[PDB]
Every structure is written in structure tokens, then in C-alpha cells.
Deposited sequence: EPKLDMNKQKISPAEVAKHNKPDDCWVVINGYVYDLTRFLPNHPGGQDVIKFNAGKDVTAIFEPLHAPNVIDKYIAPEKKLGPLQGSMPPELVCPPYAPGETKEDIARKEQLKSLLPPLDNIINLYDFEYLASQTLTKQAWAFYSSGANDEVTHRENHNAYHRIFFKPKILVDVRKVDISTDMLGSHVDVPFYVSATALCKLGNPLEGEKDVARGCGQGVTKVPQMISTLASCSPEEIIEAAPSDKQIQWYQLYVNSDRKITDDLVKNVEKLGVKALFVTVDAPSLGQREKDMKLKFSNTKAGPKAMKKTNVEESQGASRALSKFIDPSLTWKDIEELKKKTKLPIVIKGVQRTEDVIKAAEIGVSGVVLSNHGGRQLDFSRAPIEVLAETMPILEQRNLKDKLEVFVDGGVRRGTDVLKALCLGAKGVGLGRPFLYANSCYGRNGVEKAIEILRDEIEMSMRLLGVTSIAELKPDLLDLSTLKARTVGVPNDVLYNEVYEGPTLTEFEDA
């Protein structure tokens, strides 16, 4: 027993007591190391914070990261009614229902989705403002995020013709496993914000339920536990990869890694591009209407060598942003590198991964390192021809984060299957048209790289000249 007004006593920034599902916790040393930032816990401190908590955390977390002697005994009965926190939906009004009228069956039938951009549109409408902000933002005014997609558009194709492209096969192998498709679902934190009942379990299900099965990378900061997500996988032939942030308390990482090896995950993607979390202003603005110990900021190349000794899964460094570190990764002998800038949510004038890919692969060949490092690419990928562009430049496989978060959010596991289908078909269709019948035949010679560097900022222009100019017009109908 712990008398509830004695609990509430400690409603302070520093020496914060809070109630989650009956038990009481001291969230004082904890507060500043919280993943999203201490803010949320501060504002709602000294209350029963259970509605904020439950629909949003991997069940395992308190037991896994809070000190045991901070897990304080139970709250006597309950909390005085305005102290049980209503669910977190900042900025949302009674809106929750117009977005649900929108959702309720007004969502077009899944057969009518023609592409990955339809899920986005549908998801910007029916998703909650916290979830839209969180899923869609980029760091800091967002030029690396949009850049990630536009850079694909600086590459055209050189199609071969009168080649018999009757059967086309797009399977490939990634990290020593034969995979059905050359792309994967990249780790995404908090999928229960968009798909509250199932979250990551439904992406596990859509990736392995159909005839095309796709690799799933699970996030260290996922709303579900890995053991739930791997259980929910419907096919023994589907693949799962685990993404790791290494903690300032290295034993916590140590136990996380031995636990996901045993659970069956096939590779470790260590995310190195986020020492400090990136400023995402669309979320910040909503919370009005960077270091912490969870992601240790002192991780160094010596830590990945010691991490190899502790594990038998191939290690992939996720977040490399220049050729110098792709070579460094090849020298410490790790299994592959994901050239990624974290969806343009971290350092904001970072380059487009396809542009770094282009720069790198000629160097790995000059240095005869090309066959000893698998290079993946993500960010910005939205059409099967964007996947073909990265694969012709020699990316081993391509990842997507947001397209799967919005298919899963709007249509759960069948949205994720429908997106896998949409893109498998775009790749295959665009491979006939490009004259090739297998991933192995996708080579740089099918691309025009000549204006890969046309990244222009135009001179500001001329509001008066253009305000007065008047363009030619079309023929007017006699009436209209």
C-alpha cells in the first residue's frame, strides 16, 4: 500500500513519483533519460499516467530499464478523477471521430490502392496529429528528407530492347539468406501510434503471410516486444533482423543481443547515426498545443569490434553517410553497411544515400573490398524504379520506413501485404521494360549517371518582373 495523496506529493521536475497500472514508480533519475525526452513525464508527473503509458510501450520496458528498487509498491485504491491522465493525443480536439468517420469504411477498398503514395495520403488524413507528426517529420526544416527521394530523380535509364523478358525473377540474397524481393521494411519506432491494436505484429504478419515474403527489421524502441513480433510472424520461411541502439549501460545491450539471437533474428543492424536525437519541429510544435543514456553517444569503432566478439549474427552498421566510413566498416570486418541518414530526421543537410552509393561503389571496386561488405540504401524510396536505380548501382537491397508505417496504419497487415505486392509488381514490370531478367543483371551500364550531380539552388528570382509578365493563353470555348 502507498497512500495516493502521499504519492501525488511528489509531483515535481526532479522527484517525480508517477502511477502506472496500480504500481508506483520513482521516476526521478529516470526522467532525463527517457527516449522521447523528459517533457511528457514532467508535465504529467505525480499523477496516474497509465493511459499515456499502456498503449505505447513494449510490455517488457519497466522491468527491463527501470532500477528494481525504484519499482515502488501499490497505490491504495486509485487517483482522484482528474489525475487519471486521458490518452495522449496532443492538439487533437474531439477530432478523433471525424478522423474515424474518414477511416470508417470511407477508406477506399484496398484493391483500389495503385501505389505507395495512396497509403500516405490516406494516412495523413485519418492519423492522429501526434502520429502524423512523428511518422512524417524530418529533422530541422527537412531538406535531407525530401532530398532522399529527389536524388533518385537525378538518374535516368538506358533500356535494352528486343530482349526476351518473358520470365523475370527478382529474388536476391541478403545477409546470406535468399529473399524473395530486393527490399526490406526498415525499423520504425512506435508503430502502435498508427496501428494501436497490433502495431509491429501486423507488419510481421503482412511481410510473411503472402506468396512474396519480405525481411522485417525490428526496432530497439518498438511498441511491441521482439518476442511478441517474432511469435506473430506467420511463415517459418520469413526473415527478421534486429536493430540495436547500444545503451550507456553496456550490460543492457549485452543481454538484449543474446536475447534476440536466441529468439531467432538473423542479423544485427546497429544504428550509429543518432548520438543525439534530431530536432523534429513538427512534433515540438505539437507538444506546445538530445543526449540521454539510452543511446550511448560515445559509441566508437572499437565498440563494434568488441560487439562482434560477443555475437554470431552478421553485424550491419546502419547510418553511414560518407565513403570513408564505408571503408572503415569494411576494415573492421563487419558484414555490411546501410547508407542511410535515418530518413532525414537526424543531421539536416546530409546527402542523399543514392548519391553517396554512387560515389562509394567505384571506390570499393578500386580497393577490392566490393565483395566483402553488403551495402544497403534507404530513405526516399517510393517507386520500384527507385529500387532498380539503387540495385543497378550495386546496393545489395533497399529499405523503406514510412511507406510501411502508412500501409500498416491504414490497413494493418493487409496494407503491408498490398504495399509489398504494389512494389514487387513495380520492380518486376519495370525490369521487363528495362530489358533484364534478374537482379544479377542490374548493372550501372543500364543507367545514365551523367546528371547525378545536378543538385541546383536557383538564383532567387524576380518577383516584380514575374508579377507583371502575363503568359499566352489557350482558346476559349464559345461559352464554356
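Residues of the deposited sequence lacking C-alpha coordinates, counted from 1, fall in the stretches 1-9, 299-320.
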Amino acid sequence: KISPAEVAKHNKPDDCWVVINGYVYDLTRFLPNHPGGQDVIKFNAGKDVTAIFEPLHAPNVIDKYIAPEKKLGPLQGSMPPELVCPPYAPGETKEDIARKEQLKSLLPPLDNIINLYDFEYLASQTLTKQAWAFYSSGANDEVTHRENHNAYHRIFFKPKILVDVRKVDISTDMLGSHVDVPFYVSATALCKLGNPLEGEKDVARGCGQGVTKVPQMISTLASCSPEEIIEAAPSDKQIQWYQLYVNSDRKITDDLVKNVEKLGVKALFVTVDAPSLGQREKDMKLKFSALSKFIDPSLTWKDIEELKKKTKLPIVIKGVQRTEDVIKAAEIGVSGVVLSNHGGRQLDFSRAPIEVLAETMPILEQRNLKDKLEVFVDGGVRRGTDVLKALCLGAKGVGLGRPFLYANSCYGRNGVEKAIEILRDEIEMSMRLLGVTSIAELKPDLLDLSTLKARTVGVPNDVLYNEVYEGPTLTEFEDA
From here on, numbers count along this sequence of modelled residues.
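The deposited model assigns a higher average Cα B-factor to 33-41 than to the other stretch when 416-424 and 33-41 are compared. Note on 368-376 vs 93-101: mean CA B-factor is higher in 93-101. Within the selection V265, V338, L75, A407, the deposited Cα B-factor values reach their highest point at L75. Across the options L442, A58, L452, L447, the residue with the most elevated CA B-factor in the record is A58. Sort the chain's modelled residues by C-alpha temperature factor and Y465 lands in the lowest third, per the entry. Per-chain ranking of the deposited C-alpha B factor places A290 in the highest third. Among the modelled residues of its chain, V260 has a C-alpha B-factor that falls in the highest third, as given in the PDB entry. Ranked by C-alpha B-factor against the other modelled residues of its chain, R250 falls in the middle third.
Ranked within its chain, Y88 lands in the highest third, by CA B factor from the PDB record.
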